[PDB]
Structures are given as C-alpha cells and as structure tokens.
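> There's a structure below that I have some questions on.
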Amino acid sequence: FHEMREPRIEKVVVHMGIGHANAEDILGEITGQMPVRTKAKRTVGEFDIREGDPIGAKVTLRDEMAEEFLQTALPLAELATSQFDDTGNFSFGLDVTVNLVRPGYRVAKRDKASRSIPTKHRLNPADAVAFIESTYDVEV
Amino acid sequence: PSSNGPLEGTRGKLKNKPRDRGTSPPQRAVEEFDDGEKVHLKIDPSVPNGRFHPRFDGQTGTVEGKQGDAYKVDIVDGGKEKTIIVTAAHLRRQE
Amino acid sequence: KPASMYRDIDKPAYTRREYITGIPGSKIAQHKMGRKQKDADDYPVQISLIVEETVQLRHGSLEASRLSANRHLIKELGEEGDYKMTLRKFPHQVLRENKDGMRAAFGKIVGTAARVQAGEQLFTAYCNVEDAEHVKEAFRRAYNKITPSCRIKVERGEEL
Amino acid sequence: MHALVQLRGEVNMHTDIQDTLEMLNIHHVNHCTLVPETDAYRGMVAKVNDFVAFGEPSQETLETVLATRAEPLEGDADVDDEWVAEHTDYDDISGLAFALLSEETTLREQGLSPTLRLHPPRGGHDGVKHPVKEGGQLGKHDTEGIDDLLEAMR
Amino acid sequence: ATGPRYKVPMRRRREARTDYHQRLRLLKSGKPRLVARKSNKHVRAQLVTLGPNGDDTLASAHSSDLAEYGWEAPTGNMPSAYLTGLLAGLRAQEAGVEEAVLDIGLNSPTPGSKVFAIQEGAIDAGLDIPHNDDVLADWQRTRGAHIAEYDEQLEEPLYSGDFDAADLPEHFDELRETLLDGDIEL
RNA sequence: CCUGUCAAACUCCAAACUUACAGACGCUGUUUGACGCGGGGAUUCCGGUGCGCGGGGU
RNA sequence: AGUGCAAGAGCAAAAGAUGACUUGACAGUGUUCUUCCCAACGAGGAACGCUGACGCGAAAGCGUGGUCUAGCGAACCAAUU
RNA sequence: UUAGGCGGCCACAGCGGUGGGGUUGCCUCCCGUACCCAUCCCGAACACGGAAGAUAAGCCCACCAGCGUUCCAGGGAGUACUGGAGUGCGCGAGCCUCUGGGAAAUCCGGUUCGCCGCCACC
Ligand SMILES: [Cl-]
Ligand SMILES: [Cl-]
Ligand SMILES: [Mg+2]
Ligand SMILES: [Mg+2]
Ligand SMILES: [Mg+2]
Ligand SMILES: [Mg+2]
Ligand SMILES: [Mg+2]
Ligand SMILES: [Mg+2]
Ligand SMILES: [Mg+2]
Ligand SMILES: [Mg+2]
Ligand code: NA
Ligand code: NA
Ligand code: NA
Ligand code: NA
Ligand code: NA
Ligand code: NA
Ligand SMILES: [Sr+2]
Ligand SMILES: [Sr+2]
Ligand SMILES: [Sr+2]
Ligand SMILES: [Sr+2]
Ligand SMILES: [Sr+2]
Ligand SMILES: [Sr+2]
Ligand SMILES: [Sr+2]
Ligand SMILES: [Sr+2]
C-alpha cells in the first residue's frame, strides 16, 4: 500500500534564461550530461525579431544524475511553503525545478493506452514537503 | 447568386453539426458497392477528397462501375442523365 | 418624420450592427424608473400597458411616452416615491430613409424602432393600492404618444 | 367506401388537384365516383377536399343512384337488376351495392363505367364557397348528409 | 462534457488504442491486416479482415500457446515474436488467407524490433506481406544470440526460473523445425 | 445571484413543405405505340394581372 | 490557435507546429462533372482513372501544386521545344 | 473476457464520484541497459532484456446522477408556425373558419454512468 504510493524524483530541470550561449559550459560541469538550446515564439520589441534563435539552455536530469545533483543543490537555497506547485513541484533560484510524483506516472507519459493520472493519485503540496523534509534538510 | 462558383450557397449542406465535427470513421470510406446498387449521395463535410458537385446532394443514384477506388454512379438531373465520380465516403446504401 | 413611414412590420429584421454603420443613439434616457433598488415582488399591485396591434415604435415615441408617464408619477407620488416602472422593450430594428430618384434606392440610416407584437407588455409599473389610480393615469398619457390602441391591465390586484 | 362528387369546376383549379380528380375518374362537374377507404385513396380526397363532396352512402341511396345513373363500360344501356344479373358477379343491384360498400369489387372490375354522371341538385345545393360545418356543401359529409345530396342528384 | 457543442472523440481514440488515420491507409489495400501487438510478458499476432458489425479475426496466435509445441523459454522476446508470427501465418494458410498488410498499431517502426519479427515470421509461413528486408533484424538476433552473449557477462544469472545457465538459442531452431513440418496439430 | 431585451448576413433546437429513388394503389400505353430516339418547319426571347412568399421604396 | 489573401466552410496521434529528406508544381492520354441546374454552347476549372518515370515511407499509402470555393483569354502572326 | 487483442455505432459511451479485484495465470505499474533502437539533453519517451516487488495508478467488475448527453411520460400545446379552400371579419397593417400537418423554450417525473461484433482465454 505504501511502497507504490511513496514519491520519487522524475526529473530535475536546470535552466538558464539569458536572451542572447556562453552559459552551456558551466551547466555540463555541475550536472554531468549535455545541455540543449532553447528557442522562443512571438516577436518582442527588446531586440528579439528572430523566432528560431538560442535564448537559453536546459538540462533534464534523471535517476542517479538527479539525486547526485540534489545532494549539492538543495543546501544552496532556503525552501519556502509558497514555493510549491498545486501538483507538488518546486522551483528555486539559475532555475532548478524538481518534478516529484508517485510510481505510476508512466500511464500518462507512454504512447499506447495512455490515461491522465486521477486527482487522488496526483501528489499534494503537503505530501511533497514531507518527502524532502525526510531527506537531509528543513522545510518552512 | 452574386457569384457562380461550385460552393455557392453551400454554408448549410457542406458544414457539420458541432458534434459530427472532426475526422470521419474509416468504415464507410472503404465500403464496397456492387453494380446496380442504389446509393444515396451526401457529401461528408469532414472528408475533402472524392466529392461531387454540391448541386447533387440528396440524389439517389445507381452504381454502374468504378474508376480507380472511386465509383461511377448514374443519376438523372431533372431530365438529363449524368454519371458521377464519387468515393464511398460520400455514399450510403439505400435501406 | 411621421410614424406612417415606420409603424408597420413590412421590412426584414435589420438589427445586425456588424454590417450596419452610423446608427443614431437611442433617445431613451432610462429603462428602470422609480425605486430600482427595491424588488417587483415587494409591491401588491402590478399594472401593465398592453399594446393591442402589432407595431414598430420609434425611440422618439418610446421616450415621449415614457417621459409623459414617469413625469406624472414624479408629480403625484414624488421624485423618490414608492413605485417602480419598467420599459421592457428595446429599439433593435434599425430604420432607413431614401433621402437620384429610385436609382440606388437603399436608404441611409436615420433611426431605431422597437418591434412590439399584439398582446405584449410595453410598460409595467409596480405600485401600492393607494397609488393605483395615479399609475392608470400615467399610462393613459403614455398610450396617446405611441401608435396603437392600448389596454391598461391589472395583473396582481383584487383590491376593488 | 366513400362517394366523391365534383361540385367546383376546372377553371382556376390547381393542376395537381385537377389531375387527382382525373386519376379518380372524375372529369366533369357533378360526376361521381365510388372510392375505397385506403391510405392512398385518403390522401387523394384530402387534396380534393375543397372542390368536392364526399361521404359513405347508405345501401338504399347507392341502390337508387346505381339504378338511375350507372352506365356500362361502353354504351347507352340501363343498369337494372336484369343487366346486373347478366353481366356482373351479382344477382341484383343490391348485391352489387353491398359489394362496393364492403370494398369487395369496383364498378370497372364488373364492366361498368367508374363514373356515375349525376343530374344537378334538385332544389339546389348548400353552396360551393363554404364547407359542411359552415353551412356549405364542400368536404366530408354525414351518411345522412351525402344521401340528401346524391338523392337530389338522381 | 461541457455542453451541447462539445465533441467527444471516438471511443477507441478516447482510449488511445486506435490510430484512425493509419487505419484508413491500412484498409485501403483491400488485403487482411496482420495485427502485431505486444505486452510486457507476451506477444500477439492476429489476421484481421473487415466485417459489417466489426472486425473479423480469421487466425490468431498468442505467445502463451507457443508452449503447447515445446517452448520452455520466456515469452516477451525476439525469438518468441518470430515464432508467434510463424504460428499465426501457418494457421492463416489453413484458413485460406494468402496475403496481408502489417498493422503495428501504436508501436514504433523501429528497425529490428519485435513487430517486424512478427512480420518476418508470417512471411516465412507462406503469406505475401509487403515488407522491407533491411528494416528486419539480422537472422542471429531473431535466434536470440543477443541474449546468449548477454549471459556470457554472467556472475549473476539472467533467468530466475530454471531453464538453463548459458542459454540455448538452439531451441529456436528446434521450434522452427517443428512448425515447418506439416504433420503438426494447429 | 437576481432582473430587461434582440438578429437577412447567430443557432443547442425546429416545422409545415419542397425534393432523389423504390414499392403499392391510381391513371396511362402495347390496332389511339405510350417512354424514348432521329429528322423537317416554326413561332418566340416588350408581357400583364390575381393569390401566396418575398427584396427595394413614405 | 494555426492553416499566404474575401467570405463561408474543412482539419488535432492533423490538413496545424518543428525537424529532416525531396522536387508529383513531372511527361503522355483519358473518364466525368463544371463552366451553361433543368437544357444546347468555347476557353478556363475540378474530381477521378490509366501509361511512363520518380520522391518519401517498414508498409499500406500519400504526392496529377498551396485544405475547398477567385487569381483568367479565340483565330491569324511571331518566337520557342 | 478472475483483468486480453482487433473493432462497429461514435457522449445512451462525456465530466465528476464511491466500493471491490489479482503466487507459478492475464493486463499493468514495476526492475534493468549487453545488445536492435532511441533522445537537437535526458533507457522520461521510443526500443530492447527481464520478474524482486505491488493492486496504489491504469485496466476489469459493481454502483451513484450533481453537470453534459439520449429517449420516454405528463404539462406547456394541438399553442407558435403551416400546405389546400372561402362573395368570412377588418379603413388598414392584419385576423378568422374549414381541411391536412405540427413545433421550440421551460417545468415536473422517468431513462442514460454505453450497446453490439469477431478472436483468444479455467
Ligand atoms: Cl459531380
Ligand atoms: Cl501493442
Ligand atoms: Mg441558407
Ligand atoms: Mg360510355
Ligand atoms: Mg330551382
Ligand atoms: Mg347559393
Ligand atoms: Mg489580331
Ligand atoms: Mg515567344
Ligand atoms: Mg484497487
Ligand atoms: Mg375589406
Ligand atoms: Na538548435
Ligand atoms: Na465527422
Ligand atoms: Na446619377
Ligand atoms: Na423577355
Ligand atoms: Na471542359
Ligand atoms: Na489496480
Ligand atoms: Sr416591404
Ligand atoms: Sr394611440
Ligand atoms: Sr423552395
Ligand atoms: Sr488538394
Ligand atoms: Sr526504468
Ligand atoms: Sr377598404
Ligand atoms: Sr389608416
Ligand atoms: Sr396528429
């Protein structure tokens, strides 16, 4: 009952929103894998007349590459209560977003016979805080 | 009419009721009809290809062979006999 | 211009403002009169002005009949008196005038009119029992300024 | 079985209505036909309702009308009991009249003209501008009402 | 759902089970469909034709009924997939089915995958199915040589239940031999 | 929430009715040959009115 | 939402978006509808075939230009293959 | 169908909700990257290999009507509108009678929480 209901780290998205590149080298040193460029839609008046152009970079970390990052990323910032999603995810800062979920998330991410996760099996903000508090740091 | 194009005055007949919107079921698009069979002519708004002239919507013709995958259906427009090239997607069997 | 040119329902419904431009504003200043904070169910007496013939009543006639009706109620019951009158019809029908002979005859936009069917309530006033004969007089003045003959019908009131 | 009689002429009458009367074997004013009560025939009299007078006749009245106005398919010949005896599947006018009313046969099926060419109404009819319910002579009649008309048109 | 104008998808689209656009292009051939479906533990292969009230299956084969002929090995792999296709294809030849078109459903057209193995098996059984040779796996991977060379990196055994130690892809050969023989009870 | 109105170029609805094909009845055709096909000759292409439905216009 | 442009219509594992590849916007010849309801009339247009050669795809299949309805021109003469 | 596959009709099937169900069985979540294959970055997905664990998801089974939807009853309504007819009424816009058809909104009460086909399967 409790084993298939206890949270796990799905992905740690480390992103850098610049606007105009040179920030790719420092991400690959702190994370462990390769980063990808980020484009943008709609013409903006802040000298952004090009649609398909490198504005930022992101890194999606999974499994061991995620936990070995969070052991050195979480003690760098003070986690608040209002910093949580309605789904139970948190973002701080270099933007570091952590997507937390229950063991049956493949059902909404697979190709064949996919279904959206029920509101009861969806993670709560309170149930998310309890998991991180139980792993080397304080809440509030 | 203000213009004499094929799709003139066809707002009603070539539009779907909101619930019949989206891609149509494949079953009726692959239906096989035999020569001599009486078929009803009605354009499916969701299917672009294999259509006939909208003036012929509502006709009940007779299948008299086929041209490729499309059918050659004989109708009588007023008093004039015409042969219509039409795919199964726009045809329904009588009864 | 006389009402003889616009009183009948002889043209199609011409209301679509997305295809019609230059429509004159409505001369109707108010639609909710008296005490618009109080409810219609808070009054014992409900008297309506019923139109007998199917007609088109212009915004100028609506304002004239409403003004001559409400002005009597302001005179007899006071400016902040215990009554509430409603003009339920709005001038939706846009009117033209051909003002060149019969060539390019589609007229320019000159006004608006309210299509009221026979048997319908144009005005409806809610008052007390002692103010009932003052409102029947306000409607007597109001029917003289519109095109058809009218009925002053009491809907809620067996106090006679 | 109803008895149709044309009371209004062909001029200004709709072509599809005039054609229905011709399909019901009635081509002139005052001409009568004996029509069965089926779904198909009901649609036809309803279309002709305003130019006709119909209703179920009594055995007595039908017998009087057949005696005086029935004609063979071809010829002048009187349709009396002896004629009915020699050419029909019946014994007398009564046997024919009963079969017609019970919808067992038709006048044509028995070698008689489908049309009973009646005489104008003696003492006149109730009028060709109003129906029976309004005091006129058009539309559906009572059995007593159609009898008065057919007997007046002997 | 929200109101009268709301358009609820077709049932098999709502369930995310049928790609209706691919289905039409598949049905355009006029030939029966070789429905190649997978599961985590098993592999299915059906020969489906078109019917008035729904689809008609003329000859099927699941990897569970493979054991009926002598398969003591697992059922969700490459050798299993080929043999399930071969079994479906042979049952099809007895039903009168001579030609088919490969339906992979919502599975990916990845080179050398299990659904292409199901196809290679059905063709080898005598069915005429439009294929591409270089999209199919090399004969040794179909045998299960990739699983044997994975058991060479032993230390800890690959299979939990006792079948063998170093794995026998020779069982594939001993199964294709049994099915190619006409004396078999289908 | 409550309360007041609308649409030739709006529609969750929706007639009467018009309309394709077929069967049945009716009527019609097989000496009055219908339906249809081919050919000769036209006249005609200022129309009007009633009624129903209209559009423009006081 | 988007889908080049009126308006109305079509489209969501797409007809839209991104990416990659590609040149079928191909040659030849028809059937049919339209142009011109019924009901004769050209150019033009469209749908649907076949022959040839290709592109893409695992394949069915899709591609006879742009999701559909506008974007068009006789004889004579010239140039061109 | 003690949980499967392919479907037809394409909301009566939607939205939301409650309860129940899985030792060598089924579907899953699940476990895992040597390979076929894969991510413009991630075995997340796709692909492949596999069973330590689980019924919490999904899925299957039973059920609830609050919203949406289908059909039915009664009321609205034979009202609105309407094909045919009239030396019927009205100054007139228009109405009426006879005949043949006949709504919509809304309210109340029921129904609907899919039906059916082929295949496989203690
Ligand atoms: Cl056509
Ligand atoms: Cl599958
Ligand atoms: Mg229209
Ligand atoms: Mg004679
Ligand atoms: Mg006299
Ligand atoms: Mg008289
Ligand atoms: Mg010249
Ligand atoms: Mg030149
Ligand atoms: Mg459960
Ligand atoms: Mg008069
Ligand atoms: Na890039
Ligand atoms: Na559709
Ligand atoms: Na001028
Ligand atoms: Na003329
Ligand atoms: Na042409
Ligand atoms: Na479960
Ligand atoms: Sr007018
Ligand atoms: Sr007056
Ligand atoms: Sr019409
Ligand atoms: Sr096209
Ligand atoms: Sr994994
Ligand atoms: Sr007069
Ligand atoms: Sr007057
Ligand atoms: Sr009725």
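Quick note on naming: the chains in the structure tokens go A, B, ... in the order shown, residues restart at 1 in each chain, and ligands are numbered from 1 in order of appearance.
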Could you give me, as a PyMOL selection string, the residues within 7 Å of region 29-43 of chain D, counting only C-alpha atoms (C1' of nucleotides) and dropping anything in the same chain fewer than 2 positions from it?

(chain D and resi 1-9+25-26+45-47+103+114-120) or (chain F and resi 25)

> List the spatial neighbours of residue 186 (chain E) as a PyMOL selection string - criterion: any atom at most 12 Å away, only C-alpha atoms (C1' of nucleotides), same-chain residues fewer than 6 positions off excluded.

chain E and resi 59-61+65-66+68-69+86-95+178-180

> For the selection just defined, write its residues with N, CA, C and O atoms to a file, as a PDB file, in the first residue's frame.


```
ATOM      1  N   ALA E  59      -7.427 -15.853 -38.059  1.00  0.00           N
ATOM      2  CA  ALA E  59      -6.367 -16.674 -37.480  1.00  0.00           C
ATOM      3  C   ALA E  59      -5.507 -15.866 -36.521  1.00  0.00           C
ATOM      4  O   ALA E  59      -4.902 -14.872 -36.910  1.00  0.00           O
ATOM      5  N   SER E  60      -5.456 -16.302 -35.268  1.00  0.00           N
ATOM      6  CA  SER E  60      -4.659 -15.625 -34.255  1.00  0.00           C
ATOM      7  C   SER E  60      -3.590 -16.543 -33.685  1.00  0.00           C
ATOM      8  O   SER E  60      -3.549 -17.734 -34.009  1.00  0.00           O
ATOM      9  N   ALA E  61      -2.704 -15.955 -32.876  1.00  0.00           N
ATOM     10  CA  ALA E  61      -1.620 -16.659 -32.184  1.00  0.00           C
ATOM     11  C   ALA E  61      -1.038 -15.771 -31.105  1.00  0.00           C
ATOM     12  O   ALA E  61      -0.612 -14.644 -31.371  1.00  0.00           O
ATOM     13  N   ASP E  65       0.324 -19.779 -26.198  1.00  0.00           N
ATOM     14  CA  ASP E  65       0.039 -21.063 -26.844  1.00  0.00           C
ATOM     15  C   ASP E  65       1.214 -21.569 -27.681  1.00  0.00           C
ATOM     16  O   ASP E  65       1.064 -22.440 -28.546  1.00  0.00           O
ATOM     17  N   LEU E  66       2.395 -21.031 -27.378  1.00  0.00           N
ATOM     18  CA  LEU E  66       3.634 -21.421 -28.040  1.00  0.00           C
ATOM     19  C   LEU E  66       4.205 -22.611 -27.264  1.00  0.00           C
ATOM     20  O   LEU E  66       4.761 -23.531 -27.861  1.00  0.00           O
ATOM     21  N   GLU E  68       2.649 -25.002 -26.033  1.00  0.00           N
ATOM     22  CA  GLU E  68       1.878 -26.171 -26.462  1.00  0.00           C
ATOM     23  C   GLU E  68       2.687 -27.031 -27.459  1.00  0.00           C
ATOM     24  O   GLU E  68       2.405 -28.219 -27.643  1.00  0.00           O
ATOM     25  N   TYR E  69       3.705 -26.420 -28.066  1.00  0.00           N
ATOM     26  CA  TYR E  69       4.560 -27.087 -29.047  1.00  0.00           C
ATOM     27  C   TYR E  69       5.964 -27.387 -28.523  1.00  0.00           C
ATOM     28  O   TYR E  69       6.772 -28.007 -29.225  1.00  0.00           O
ATOM     29  N   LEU E  86       4.973 -16.837 -37.042  1.00  0.00           N
ATOM     30  CA  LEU E  86       5.037 -18.040 -37.876  1.00  0.00           C
ATOM     31  C   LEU E  86       3.841 -18.938 -37.599  1.00  0.00           C
ATOM     32  O   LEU E  86       3.254 -19.499 -38.528  1.00  0.00           O
ATOM     33  N   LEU E  87       3.447 -18.989 -36.326  1.00  0.00           N
ATOM     34  CA  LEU E  87       2.309 -19.787 -35.881  1.00  0.00           C
ATOM     35  C   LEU E  87       0.997 -19.186 -36.401  1.00  0.00           C
ATOM     36  O   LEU E  87       0.104 -19.922 -36.838  1.00  0.00           O
ATOM     37  N   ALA E  88       0.932 -17.850 -36.423  1.00  0.00           N
ATOM     38  CA  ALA E  88      -0.236 -17.110 -36.916  1.00  0.00           C
ATOM     39  C   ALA E  88      -0.348 -17.247 -38.427  1.00  0.00           C
ATOM     40  O   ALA E  88      -1.445 -17.454 -38.956  1.00  0.00           O
ATOM     41  N   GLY E  89       0.809 -17.196 -39.092  1.00  0.00           N
ATOM     42  CA  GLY E  89       0.880 -17.312 -40.538  1.00  0.00           C
ATOM     43  C   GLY E  89       0.491 -18.681 -41.067  1.00  0.00           C
ATOM     44  O   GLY E  89      -0.133 -18.779 -42.126  1.00  0.00           O
ATOM     45  N   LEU E  90       0.848 -19.733 -40.327  1.00  0.00           N
ATOM     46  CA  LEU E  90       0.525 -21.107 -40.716  1.00  0.00           C
ATOM     47  C   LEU E  90      -0.955 -21.424 -40.533  1.00  0.00           C
ATOM     48  O   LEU E  90      -1.553 -22.108 -41.373  1.00  0.00           O
ATOM     49  N   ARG E  91      -1.545 -20.876 -39.466  1.00  0.00           N
ATOM     50  CA  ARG E  91      -2.973 -21.047 -39.165  1.00  0.00           C
ATOM     51  C   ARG E  91      -3.795 -20.297 -40.213  1.00  0.00           C
ATOM     52  O   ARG E  91      -4.905 -20.710 -40.566  1.00  0.00           O
ATOM     53  N   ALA E  92      -3.185 -19.238 -40.752  1.00  0.00           N
ATOM     54  CA  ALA E  92      -3.772 -18.389 -41.785  1.00  0.00           C
ATOM     55  C   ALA E  92      -3.820 -19.107 -43.129  1.00  0.00           C
ATOM     56  O   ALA E  92      -4.814 -19.004 -43.849  1.00  0.00           O
ATOM     57  N   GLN E  93      -2.764 -19.865 -43.431  1.00  0.00           N
ATOM     58  CA  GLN E  93      -2.672 -20.636 -44.670  1.00  0.00           C
ATOM     59  C   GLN E  93      -3.734 -21.744 -44.721  1.00  0.00           C
ATOM     60  O   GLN E  93      -4.226 -22.096 -45.798  1.00  0.00           O
ATOM     61  N   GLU E  94      -4.110 -22.243 -43.541  1.00  0.00           N
ATOM     62  CA  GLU E  94      -5.131 -23.283 -43.403  1.00  0.00           C
ATOM     63  C   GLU E  94      -6.546 -22.705 -43.465  1.00  0.00           C
ATOM     64  O   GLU E  94      -7.513 -23.435 -43.721  1.00  0.00           O
ATOM     65  N   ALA E  95      -6.647 -21.392 -43.235  1.00  0.00           N
ATOM     66  CA  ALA E  95      -7.913 -20.660 -43.261  1.00  0.00           C
ATOM     67  C   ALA E  95      -8.226 -20.119 -44.658  1.00  0.00           C
ATOM     68  O   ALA E  95      -9.351 -19.684 -44.924  1.00  0.00           O
ATOM     69  N   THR E 178       9.918 -27.759 -36.002  1.00  0.00           N
ATOM     70  CA  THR E 178       8.653 -28.404 -35.630  1.00  0.00           C
ATOM     71  C   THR E 178       7.457 -27.802 -36.368  1.00  0.00           C
ATOM     72  O   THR E 178       6.548 -28.530 -36.782  1.00  0.00           O
ATOM     73  N   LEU E 179       7.484 -26.480 -36.548  1.00  0.00           N
ATOM     74  CA  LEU E 179       6.416 -25.742 -37.219  1.00  0.00           C
ATOM     75  C   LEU E 179       6.413 -25.829 -38.746  1.00  0.00           C
ATOM     76  O   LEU E 179       5.345 -25.787 -39.364  1.00  0.00           O
ATOM     77  N   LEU E 180       7.597 -25.998 -39.343  1.00  0.00           N
ATOM     78  CA  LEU E 180       7.741 -26.126 -40.800  1.00  0.00           C
ATOM     79  C   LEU E 180       7.270 -27.498 -41.295  1.00  0.00           C
ATOM     80  O   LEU E 180       7.022 -27.689 -42.492  1.00  0.00           O
TER      81      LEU E 180
END
```

> Dump the neighbourhood of ligand 19 as a PyMOL selection string: all residues within 12 Å, distances computed on only C-alpha atoms (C1' of nucleotides) and all ligand atoms.

chain F and resi 17-19+53-54

> If I take CA of residue 64 (chain B) and CA of residue 21 (chain E), how far is one from the other in Å, to one decimal?

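Answer for the CA of residue 64 (chain B) to CA of residue 21 (chain E) separation: 29.2 Å.
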
> Can you pull out every residue with an atom within 12 Å of ligand 18? Use only C-alpha atoms (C1' of nucleotides) and all ligand atoms and format it as a ChimeraX atom specification.

/C:3,7,49-53,55,57,61,65,139-151

> Return as a ChimeraX atom specification every polymer residue, whether protein, DNA or RNA, with at least one atom no more than 8 Å from an atom of ligand 11; count only C-alpha atoms (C1' of nucleotides) and all ligand atoms.

/A:36-39,52-54 /H:40

> Any chance you can output those residues with N, CA, C and O atoms (P, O5', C5', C4', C3', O3' and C1' of nucleotides) as a PDB file, in the first residue's frame?


```
ATOM      1  N   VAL A  36      20.862  21.480 -23.798  1.00  0.00           N
ATOM      2  CA  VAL A  36      20.198  21.808 -25.068  1.00  0.00           C
ATOM      3  C   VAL A  36      19.735  23.253 -25.105  1.00  0.00           C
ATOM      4  O   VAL A  36      19.264  23.778 -24.101  1.00  0.00           O
ATOM      5  N   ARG A  37      19.814  23.860 -26.290  1.00  0.00           N
ATOM      6  CA  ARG A  37      19.416  25.252 -26.522  1.00  0.00           C
ATOM      7  C   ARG A  37      17.900  25.441 -26.438  1.00  0.00           C
ATOM      8  O   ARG A  37      17.143  24.476 -26.579  1.00  0.00           O
ATOM      9  N   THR A  38      17.469  26.681 -26.200  1.00  0.00           N
ATOM     10  CA  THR A  38      16.045  26.996 -26.110  1.00  0.00           C
ATOM     11  C   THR A  38      15.664  28.153 -27.025  1.00  0.00           C
ATOM     12  O   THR A  38      16.274  29.223 -26.982  1.00  0.00           O
ATOM     13  N   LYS A  39      14.643  27.917 -27.849  1.00  0.00           N
ATOM     14  CA  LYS A  39      14.120  28.900 -28.803  1.00  0.00           C
ATOM     15  C   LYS A  39      12.929  29.641 -28.187  1.00  0.00           C
ATOM     16  O   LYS A  39      12.544  29.363 -27.047  1.00  0.00           O
ATOM     17  N   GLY A  52      13.415  31.504 -34.347  1.00  0.00           N
ATOM     18  CA  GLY A  52      14.273  30.363 -34.063  1.00  0.00           C
ATOM     19  C   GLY A  52      15.706  30.776 -33.782  1.00  0.00           C
ATOM     20  O   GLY A  52      16.554  30.754 -34.680  1.00  0.00           O
ATOM     21  N   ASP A  53      15.964  31.163 -32.532  1.00  0.00           N
ATOM     22  CA  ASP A  53      17.290  31.603 -32.092  1.00  0.00           C
ATOM     23  C   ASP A  53      17.572  31.238 -30.627  1.00  0.00           C
ATOM     24  O   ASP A  53      16.660  31.294 -29.793  1.00  0.00           O
ATOM     25  N   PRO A  54      18.828  30.832 -30.302  1.00  0.00           N
ATOM     26  CA  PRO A  54      19.211  30.463 -28.931  1.00  0.00           C
ATOM     27  C   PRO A  54      19.078  31.591 -27.896  1.00  0.00           C
ATOM     28  O   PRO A  54      19.784  32.602 -27.953  1.00  0.00           O
TER      29      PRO A  54
ATOM     30  P     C H  40      15.621  15.472 -28.118  1.00  0.00           P
ATOM     31  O5'   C H  40      16.540  16.226 -29.184  1.00  0.00           O
ATOM     32  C5'   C H  40      17.414  15.492 -30.057  1.00  0.00           C
ATOM     33  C4'   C H  40      18.410  16.413 -30.725  1.00  0.00           C
ATOM     34  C3'   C H  40      19.443  17.111 -29.856  1.00  0.00           C
ATOM     35  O3'   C H  40      20.514  16.231 -29.517  1.00  0.00           O
ATOM     36  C1'   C H  40      18.621  18.614 -31.486  1.00  0.00           C
TER      37        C H  40
END
```

> Among chain E, which residues carry a DSSP assignment of strand (DSSP E or B), reported as a PyMOL selection string?

chain E and resi 33-38+43-49+56-62+99+101-103+128

> Ligand 23: which residues are within 10 Å, counting only C-alpha atoms (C1' of nucleotides) and all ligand atoms? Reply as a list in words.

residues 4 of chain C; 91, 92 and 93 of chain H

> With N, CA and C atoms (P, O5', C5', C4', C3', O3' and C1' of nucleotides) kept, could you save the residues just selected as a PDB file, in the first residue's frame?


```
ATOM      1  N   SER C   4     -46.143  56.959 -39.937  1.00  0.00           N
ATOM      2  CA  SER C   4     -46.764  56.256 -41.063  1.00  0.00           C
ATOM      3  C   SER C   4     -45.742  55.576 -41.974  1.00  0.00           C
TER       4      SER C   4
ATOM      5  P     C H  91     -63.672  48.405 -41.088  1.00  0.00           P
ATOM      6  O5'   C H  91     -62.550  48.714 -42.179  1.00  0.00           O
ATOM      7  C5'   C H  91     -62.879  49.354 -43.423  1.00  0.00           C
ATOM      8  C4'   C H  91     -61.711  50.176 -43.919  1.00  0.00           C
ATOM      9  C3'   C H  91     -60.371  49.471 -44.072  1.00  0.00           C
ATOM     10  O3'   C H  91     -60.292  48.741 -45.293  1.00  0.00           O
ATOM     11  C1'   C H  91     -60.050  51.566 -43.030  1.00  0.00           C
ATOM     12  P     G H  92     -59.835  47.200 -45.288  1.00  0.00           P
ATOM     13  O5'   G H  92     -58.262  47.253 -45.049  1.00  0.00           O
ATOM     14  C5'   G H  92     -57.412  48.045 -45.897  1.00  0.00           C
ATOM     15  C4'   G H  92     -56.225  48.550 -45.117  1.00  0.00           C
ATOM     16  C3'   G H  92     -55.314  47.483 -44.531  1.00  0.00           C
ATOM     17  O3'   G H  92     -54.351  47.068 -45.493  1.00  0.00           O
ATOM     18  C1'   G H  92     -55.813  49.098 -42.882  1.00  0.00           C
ATOM     19  P     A H  93     -53.817  45.554 -45.501  1.00  0.00           P
ATOM     20  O5'   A H  93     -52.699  45.522 -44.363  1.00  0.00           O
ATOM     21  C5'   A H  93     -51.369  46.003 -44.621  1.00  0.00           C
ATOM     22  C4'   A H  93     -50.574  46.069 -43.340  1.00  0.00           C
ATOM     23  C3'   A H  93     -50.448  44.781 -42.543  1.00  0.00           C
ATOM     24  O3'   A H  93     -49.408  43.944 -43.013  1.00  0.00           O
ATOM     25  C1'   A H  93     -51.044  46.520 -41.085  1.00  0.00           C
TER      26        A H  93
END
```

> Any idea which chain B residues end up within 12 Å of chain H if we count only C-alpha atoms (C1' of nucleotides), as a list in words please?

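Result, ordered by chain then number: residues 19, 20, 21, 22, 23, 24, 25, 26, 27 and 28 of chain B.
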